[PDB]
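So basically every Cβ, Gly included, is an ideal-geometry build from the backbone, and we count neighbours across all protein chains shown. Where a number appears in this text, it was derived from the coordinates with a stated rule and is not lab data.
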Amino acid sequence: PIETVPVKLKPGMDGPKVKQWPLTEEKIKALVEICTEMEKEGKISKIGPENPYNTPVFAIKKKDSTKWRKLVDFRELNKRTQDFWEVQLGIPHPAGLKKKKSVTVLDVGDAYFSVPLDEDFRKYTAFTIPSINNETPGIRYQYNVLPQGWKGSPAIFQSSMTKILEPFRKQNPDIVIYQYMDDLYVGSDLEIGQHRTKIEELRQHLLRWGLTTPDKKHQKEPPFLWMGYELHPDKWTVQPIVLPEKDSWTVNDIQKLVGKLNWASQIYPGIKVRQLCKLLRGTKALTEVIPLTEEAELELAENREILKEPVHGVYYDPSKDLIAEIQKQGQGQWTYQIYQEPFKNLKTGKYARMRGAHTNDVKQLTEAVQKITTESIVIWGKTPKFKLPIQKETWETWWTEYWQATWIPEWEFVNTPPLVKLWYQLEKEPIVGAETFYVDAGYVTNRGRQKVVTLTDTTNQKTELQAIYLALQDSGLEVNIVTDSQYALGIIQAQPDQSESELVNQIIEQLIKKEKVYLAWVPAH
Amino acid sequence: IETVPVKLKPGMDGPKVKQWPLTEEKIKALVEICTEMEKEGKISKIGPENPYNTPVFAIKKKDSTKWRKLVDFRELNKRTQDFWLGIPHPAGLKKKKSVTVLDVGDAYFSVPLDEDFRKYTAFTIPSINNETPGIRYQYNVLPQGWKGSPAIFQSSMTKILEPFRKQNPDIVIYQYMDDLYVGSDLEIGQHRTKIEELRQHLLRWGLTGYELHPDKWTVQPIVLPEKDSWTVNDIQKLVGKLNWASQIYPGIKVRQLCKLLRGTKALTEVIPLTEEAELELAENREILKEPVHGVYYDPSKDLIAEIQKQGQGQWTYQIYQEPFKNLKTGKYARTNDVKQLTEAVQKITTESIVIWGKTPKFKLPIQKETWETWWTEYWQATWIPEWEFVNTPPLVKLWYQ
Ligand SMILES: Cc1ccnc2c1NC(=O)c1cccnc1N2C1CC1
Ligand SMILES: [Mg+2]
């Protein structure tokens with residue numbers, strides 16, 4: 001039989017003592033037939049009045065079916081039951097699977113009901129079938145197997161299935177079995193007749209421990225729709241997403257559209273949501289209607305075209321290399337694809353995470369590489385070889401002078417415009433005979449020049465940036481700027497090429513036009 | 001054998017820490033190691049009823065082609081009861097000429113672990129792409145990297161170490177976690193031999209690399225540029241650096257130096273220094289020639305270590321308990337950035353152990369995800385300091401090196 005897992009209640013806690021709700025002679029009749037079928041099956045056993053714990057039971061019928069079902073409400077038992085090691089809380093991504101010639105899904109029936117429950121814990125599973133006559137019975141029972149709806153069932157079940165399946169796995173290294181809750185996906189490369197026979201041997205093996213599964217005639221056939229994917233033994237994709245042809249778009253419509261579109265990016269390359277996301281600005285209600293912009297519908301129209309052509313992902317070939325490739329799609333947007341054979345994508349993606357208010361493409365490209373690397377270790381257990389549109393020299397120049405430690409794995413330059421470059425470089429030492437601007441919102445130069453300008457609604461820090469803006473504006477192609485603003489120095493010295501701040505974007509516009517610029521900080525008073 | 005009972009601090013529960021993802025290479029390594037530890041009965045497979053977890057990793061041994069299982073027991077150590085006296089740090093170890101660090105980790109495996117504590121040591125070998133559930137185990141013996149292991153093993157160790165200790169009291173012996181720091185003044189040749197002997201003198205009883213020279217460790221002082229001519233720009237960087245430093249050493253005046261700065265002069269204008277500005281600079285320079293007076297190590301406080309990426313393969317670091325009151329400052333020079341950083345962390349950690357007998361809490365200039373990904377590629381120590389991730393201010397880097 002399957003070995004028992006020891007269970008306990010959270011410390012300093014007693015079993016549930018809750019009142020069974022008043023039933024109905026009708027429902028009492030049903031529960032009594034159900035519990036009787038069950039006690040003959042060993043699943044449950046009548047108990048003495050020795051036991052003081054109680055859990056409410058009730059009866060429902062099958063959804064769109066005329067037949068009685070027994071439900072047991074375990075909220076209280078559950079609040080008091082100890083925590084278990086998480087059930088499978090992380091799932092496989094299709095791109096990390098290996099192709100199989102045939103895949104079969106075996107649905108396990110009465111899974112839980114076939115597994116024993118800790119002998120000393122059974123008492124807490126007590127429930128009561130009420131009598132129809134006043135001083136007549138009031139049938140008491142406890143569970144002997146794992147109850148549906150109880151906290152520890154999924155975990156105990158998974159754990160046990162794993163022990164039952166182990167022997168079969170050793171004798172059958174050819175077969176690959178994946179356990180997902182109630183299902184068993186079983187794949188192999190055997191000739192189809194050999195496969196069918198193995199599946200039968202698995203069914204036999206599982207029957208020895210009382211586990212029932214569906215016969216060849218009643219087994220689901222690929223493709224399998226799983227977790228938003230559509231799986232074939234030889235390829236995968238997201239289950240078809242269809243774009244509406246509405247003329248009126250609600251704020252809510254757009255968020256659903258963006259969500260779906262986002263999901264599609266994992267295999268559909270070229271998907272864009274920037275303009276559809278812009279429709280959300282300042283919206284006042286989930287039911288407000290927003291008209292599309294010339295831009296939002298070009299984008300929508302473009303996405304609608306990409307999605308028409310169904311594209312599938314290919315499965316992983318462990319004997320081959322993983323290559324990851326990256327392209328700048330637009331300002332702050334990057335797309336990548338990971339493949340083993342050219343244009344035969346295992347998976348695609350987009351990166352737009354801005355980590356901070358100001359950045360440059362080098363920094364951002366580097367964070368893109370990190371994300372992909374982490375994703376890769378998780379799906380395939382190894383880092384891919386990257387192809388990036390940046391030359392080592394640009395990379396090295398930035399890395400070498402940035403204050404944070406950084407690293408980019410094995411990479412090959414790929415000439416795919418647009419190429420990433422640094423748009424400007426700050427001088428490392430002061431420029432000889434270039435005017436010197438002393439800023440504090442206004443400046444004074446060594447040549448007697450000056451401007452004390454006016455700003456309203458300006459914050460302390462934003463007044464500092466403005467001053468620098470002024471100096472850059474009224475100066476020539478070579479400047480020396482002296483500021484006491486460690487904040488400004490920080491922003492600019494990171495050499496951003498894009499910013500959330502408009503003012504920063506202007507300063508940036510000026511830094512790109514200059515020949516040589518040198519920034520220096522000096523203490524306050 | 002007889003198990004000494006161990007317990008968590010009052011009211012605490014066991015750890016539930018997530019396992020950072022591992023590459024196929026490290027997983028296989030761990031599956032190999034753990035399979036034989038299980039045959040030997042050091043670890044056992046557990047069931048779903050144990051909800052605890054500690055991250056595990058595989059590092060390479062130094063100049064050995066074998067892997068070492070590394071267990072991140074940081075969370076559990078913080079929660080293990082404090083222990084209960086013949087271990088307080090020998091201040092003589094820092095002045096020794098030669099010091100050898102030995103890994104006495106396997107000794108711990110011969111002593112069983114309190115049956116009730118065991119569940120807290122749970123860990124998991126993850127699988128790739130979550131295709132399989134992940135193997136779960138817990139220790140039956142004292143694990144390497146747990147603060148309880150050296151404590152519980154204290155007695156059995158003093159005993160096997162009293163002979164060498166009196167048959168060779170020219171040697172200092174300190175144990176911290178899995179290591180034994182053996183110190184001496186002998187010639188580096190006399191040393192390696194005496195070290196080998198201890199090796200067999202431990203092999204005698206069943207026990208089975210790193211060579212330091214603490215006598216040659218020194219402080220990295222704050223420095224001032226010395227130069228032929230001084231431009232307006234030089235003086236400016238000078239006053240800025242001096243001003244910062246004045247908060248540590250108040251005797252620093254900048255009055256005359258600031259005076260040469262009046263006017264809105266061109267940044268490149270050379271400025272011959274007066275007689276007063278010259279003497280002022282002289283005194284400042286004199287002041288900074290040594291560590292500020294007064295600072296002392298408080299064993300009841302945390303040791304904090306900060307690192308800065310200078311450039312060209314150079315890093316600066318300071319160790320303090322209170323800001324500006326540095327216990328030590330230093331420099332580290334060389335690869336890639338991450339590798340350099342890990343080696344600087346391990347080096348700074350060993351130092352702290354050797355000087356104060358404790359590991360520092362680091363403030364690292366790197367993003368978490370990058371660090372979490374690569375540190376184990378280059379890690380070699382058998383311990384793991386605590387660390388946090390920070391954004392270095394461009395001004396501080398300047399003020400160092
Ligand atoms: C959902 C799922 C999760 C994990 N593995 C698989 C599957 N399902 C499949 O249909 C699948 C498809 C292709 C190859 N293996 C597959 N299988 C492997 C087990 C044979
Ligand atoms: Mg000023």
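Condition check ((1) on the phi > 0 side of the Ramachandran plot; (2) within 12 Å of ligand 1 (Cβ to nearest atom); (3) not charged (D, E, K, R)) across all residues:
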site: A:216; (1), (2), (3): no, no, no
site: A:228; (1), (2), (3): yes, yes, yes
site: A:233; (1), (2), (3): no, yes, yes
site: A:236; (1), (2), (3): no, yes, yes
site: A:244; (1), (2), (3): no, no, yes
site: A:247; (1), (2), (3): no, no, no
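Taking the residues in the stretch B:30-65 that are in a loop (DSSP other than H, G, I, E, B) and within 28 Å of residue B:154 (Cα to Cα) as candidates, determine which candidate is nearest to the other protein chains (Cβ to nearest Cβ). Please lay out each step first, then the result.
We begin by selecting, within the stretch B:30-65, every residue in a loop (DSSP other than H, G, I, E, B); these are B:40-42, B:46-52, B:55, B:61-65.
Filter again for within 28 Å of residue B:154 (Cα to Cα), leaving B:40-42, B:52, B:55, B:61-62.
On the way: B:40: 21, B:41: 19, B:42: 21, B:52: 8, B:55: 15, B:61: 22, B:62: 22 Å.
Checking each candidate, the answer is B:52.
Select from the stretch A:434-478 the residues that are within 15 Å of ligand 2 (Cβ to nearest atom), out of contact with any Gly (no Cβ under 9 Å at 6 or more places or on another chain) and of a type in the set (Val, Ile, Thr) and list them in ascending order.
Hits for the stretch A:434-478 are A:436, A:439, A:444, A:445, A:463, A:468.
Does at least one position in the stretch A:66-84 carry a residue that is surrounded by fewer than 17 Cβ atoms within 10 Å (Cβ to Cβ), within 16 Å of ligand 1 (Cβ to nearest atom), more than 24 Å from residue A:155 (Cα to Cα) and more than 14 Å from chain B (Cβ to nearest Cβ)?
no
What strands (runs of 3 or more DSSP E), lying completely within the stretch A:430-525, carry at least 1 residues that are of a type in the set (D, E, K, R), within 16 Å of ligand 1 (Cβ to nearest atom) and within 14 Å of another protein chain (Cβ to nearest Cβ)? Steps first, answer last, please.
Details: elements: A:436-439, A:442-445, A:450-452, A:478-483, A:516-521.
Result: empty, no element qualifies.
Need at least 2 residues that are under 30 Å from residue A:353 (Cα atoms) and either within 12 Å of chain A (Cβ to nearest Cβ) or touching a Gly at 6+ places or on another chain (Cβ under 7 Å) (or both) per element, so show me which strands (runs of 3 or more DSSP E) inside the stretch B:288-401 make the cut, counting only ones lying wholly within it.
Filter on the stretch B:288-401 gives B:304-311.
Are any residues in the stretch B:99-128 over 19 Å from the mean Cα position of the chain (by Cα) and farther than 27 Å from residue B:42 by Cβ, and if so, which ones? Talk me through it step by step, then tell me what you get.
Here is the first cut: in the stretch B:99-128, the ones over 19 Å from the mean Cα position of the chain (by Cα) are B:106-128.
Result: no residue meets the conditions.
Restricting to the stretch A:103-113, name every residue that is within 15 Å of ligand 1 (Cβ to nearest atom), buried (at least 20 other Cβ atoms within 10 Å of the Cβ) and not β-branched (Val, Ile, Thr).
Correct list: A:106 only.
How many residues are in a loop (DSSP other than H, G, I, E, B) and of a type in the set (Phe, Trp, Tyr) if we restrict to the stretch A:382-425? First the steps, then the outcome.
We begin by selecting, within the stretch A:382-425, every residue in a loop (DSSP other than H, G, I, E, B); these are A:382-384, A:389-391, A:402-410, A:414-425.
Of the ones still in play, those that are also of a type in the set (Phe, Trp, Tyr) are A:402-403, A:407, A:423-424.
Residues meeting the conditions: 5.
Here are some residues: A:61, A:10. Which one is within 14 Å of chain B (Cβ to nearest Cβ) and not aliphatic (A, V, I, L, M)? Show your work before the answer.
Working: A:61 fails: within 14 Å of chain B (Cβ to nearest Cβ).
Selected residue: A:10, the only one of A:61, A:10 that is within 14 Å of chain B (Cβ to nearest Cβ) and not aliphatic (A, V, I, L, M).
In the stretch A:135-142, is there at least one residue being within 19 Å of residue A:22 (Cβ to Cβ), among the hydroxyl-bearing types (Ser, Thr, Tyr), more than 16 Å from ligand 2 (Cβ to nearest atom) and exposed (fewer than 14 other Cβ atoms within 10 Å of the Cβ)? Lay out the reasoning, then the answer.
Within the stretch A:135-142, the first condition is being within 19 Å of residue A:22 (Cβ to Cβ), and the residues that meet it are A:135-141.
Subset that is among the hydroxyl-bearing types (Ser, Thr, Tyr): A:136, A:141.
If we keep only those that are more than 16 Å from ligand 2 (Cβ to nearest atom) as well, we get A:136, A:141.
So of that shortlist, the ones also exposed (fewer than 14 other Cβ atoms within 10 Å of the Cβ) come out as A:136.
The answer is yes, given that some residue of the stretch A:135-142 is within 19 Å of residue A:22 (Cβ to Cβ), among the hydroxyl-bearing types (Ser, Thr, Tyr), more than 16 Å from ligand 2 (Cβ to nearest atom) and exposed (fewer than 14 other Cβ atoms within 10 Å of the Cβ).
This table checks each residue for (1) surrounded by 18 or more Cβ atoms within 10 Å (Cβ to Cβ); (2) out of contact with any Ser or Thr (no Cβ under 9 Å at 6 or more places or on another chain).
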site	(1), (2)
B:193	no, yes
B:219	no, no
B:222	yes, no
B:227	no, yes
B:236	yes, yes
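In the stretch A:367-388, which residues are more than 9 Å from chain B (Cβ to nearest Cβ) and out of contact with any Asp or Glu (no Cβ under 9 Å at 6 or more places or on another chain)? Write out each step before concluding.
First, pick out the residues of the stretch A:367-388 that are more than 9 Å from chain B (Cβ to nearest Cβ): A:368-369, A:372, A:375-376, A:384-388.
Scanning the stretch A:367-388 gives A:368, A:369, A:372, A:375, A:376.
Condition check ((1) away from ligand 1 (no atom under 16 Å from the Cβ); (2) in contact with a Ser or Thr (Cβ under 9 Å, 6 or more places away or on another chain)) across all residues:
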{"position": "B:131", "(1), (2)": "no, no"}
{"position": "B:140", "(1), (2)": "yes, yes"}
{"position": "B:143", "(1), (2)": "yes, yes"}
{"position": "B:147", "(1), (2)": "yes, yes"}
{"position": "B:159", "(1), (2)": "yes, no"}
{"position": "B:167", "(1), (2)": "yes, no"}
{"position": "B:172", "(1), (2)": "yes, yes"}
{"position": "B:177", "(1), (2)": "yes, yes"}
{"position": "B:184", "(1), (2)": "yes, yes"}
